[PDB]
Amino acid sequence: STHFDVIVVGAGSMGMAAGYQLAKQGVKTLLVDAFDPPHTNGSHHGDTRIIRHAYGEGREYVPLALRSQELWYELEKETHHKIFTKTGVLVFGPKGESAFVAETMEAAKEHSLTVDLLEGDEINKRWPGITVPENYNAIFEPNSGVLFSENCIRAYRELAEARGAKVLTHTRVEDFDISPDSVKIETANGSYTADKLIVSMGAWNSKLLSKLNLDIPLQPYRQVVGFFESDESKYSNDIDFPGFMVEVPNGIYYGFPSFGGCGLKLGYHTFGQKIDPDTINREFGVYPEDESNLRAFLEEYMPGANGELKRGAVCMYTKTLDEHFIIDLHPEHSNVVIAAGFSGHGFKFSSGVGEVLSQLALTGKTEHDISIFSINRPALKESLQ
């Protein structure tokens, strides 16, 4: 008995931000989620998320990063939940041996971003606790920081619901029926129709997009993080230890300073187990690599933060072949919006993406340049069934 203006399937990082943007405009919105966001079964938990502006994955992301940062500052002012801490973000790697570092530097130059460049011992001297070889160089971004992701989703949800948005929890959408002038979703708890549909199922996009006649290579990965007892006089946010994403011989690692003494948090970015979102083992430590890959980095670069494992978490990345997002209209249905393949680095942009999804759903267009996220790009290898 209840039609909606817009239905959002998957009320996570991207869907809830879209829900907030829609509700803010008086658009009657229904958000449906398999669980109760924020939760620990998707890609948004683990407390913290890094947001960077000079983008090593590609300078073309800068505008969205800057717009997202401003939207995060707006969210901070609207809710009592803590949204962002300006820890700054340090990026480093072997000189001349890191495309990531190199593109971060180019992006900063190209967009006139405020950053400090340093190398070797200067890194170790500036931040006691970091020990890198002398042939390493770095780019520090002081105005970048850390987002409290679960707080963001919770805030976007409270605000959207305050404005009339309805969130149907613990309801897994199983199929879609799309027509030229309306959309319909099917769930065990009933079916619903609307004029527009936004699909942002995270890891499950790799399993249910075929229900929309889409065939896109999307690979879910098991990605763990660990919190370690650390020397608080060095790794605390209070003494300005930064968030970071760095590149060493064996891959990319990212981390956060200890907040309130909860310990430095670390994650290995370039390695993960290919899994299925419905059978993944969410227990940290079941694979020897979970803990060993982290300490391997710590004992070498942040030895004072290699103490007792205080906590672990298991979460998921959903990768595309080129590792760029998919934000576009469904090729066969202009009334359906797709948001997928955030490949492990999309949370920082979720506020910005929420805005883009809203525009796409309401107008079929967006003011942002989102061509690099086109669902029709060749590097994606997309097709219809």
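C-alpha atoms forming the largest set that superposes within 1.5 Å between two forms make up the rigid core. Each residue number is its position in the shown sequence, starting from 1.
Would you say which of 50 to 58 and 342 to 350 moves more relative to the shown form in 5 other deposited structures of this protein, going by RMS C-alpha distance with the core superposed? The answer is 50 to 58, which departs more from the shown form in 5 other deposited structures of this protein.
For the C-alpha atoms alone, is the average B factor greater in 328 to 336 or in 40 to 48, going by the entry? It is 328 to 336.
Which is higher in the entry, the mean Cα B factor of 12 to 20 or that of 359 to 367? Result: 359 to 367.
Would you mind finding, among 197, 75, 108, 160, the residue with the largest C-alpha temperature factor in the entry? The listed residue with the largest C-alpha B-factor is 108.
Out of 202, 145, 133, 267, which residue has the highest Cα temperature factor in the PDB record? Each of 202, 145, 133, 267 was compared by C-alpha B-factor; the highest is 133.
Looking at the entry's B-factor column for C-alpha atoms only, identify whether residue 87 ranks in the lowest, middle or highest third of its chain. Answer is lowest: the recorded C-alpha B-factor places it there.
Going by the recorded CA B-factors, say which third of the chain residue 81 sits in, lowest, middle or highest. For residue 81, whose C-alpha B-factor we compare with every modelled residue in the chain, the answer is the lowest third.
Where does the C-alpha B-factor of residue 126 rank in its chain, lowest, middle or highest third? Within its chain, residue 126 is a middle-third residue by C-alpha B-factor, going by the deposited values.
Quick one: classify residue 112 as lowest, middle or highest third of the chain based on its Cα B-factor. For residue 112, whose C-alpha B-factor we compare with every modelled residue in the chain, the answer is the middle third.
Per the entry's values, where does residue 175 land by CA temperature factor relative to the rest of its chain, in the lowest, middle or highest third? Ranked within chain, residue 175 CA B lands in the highest tercile.
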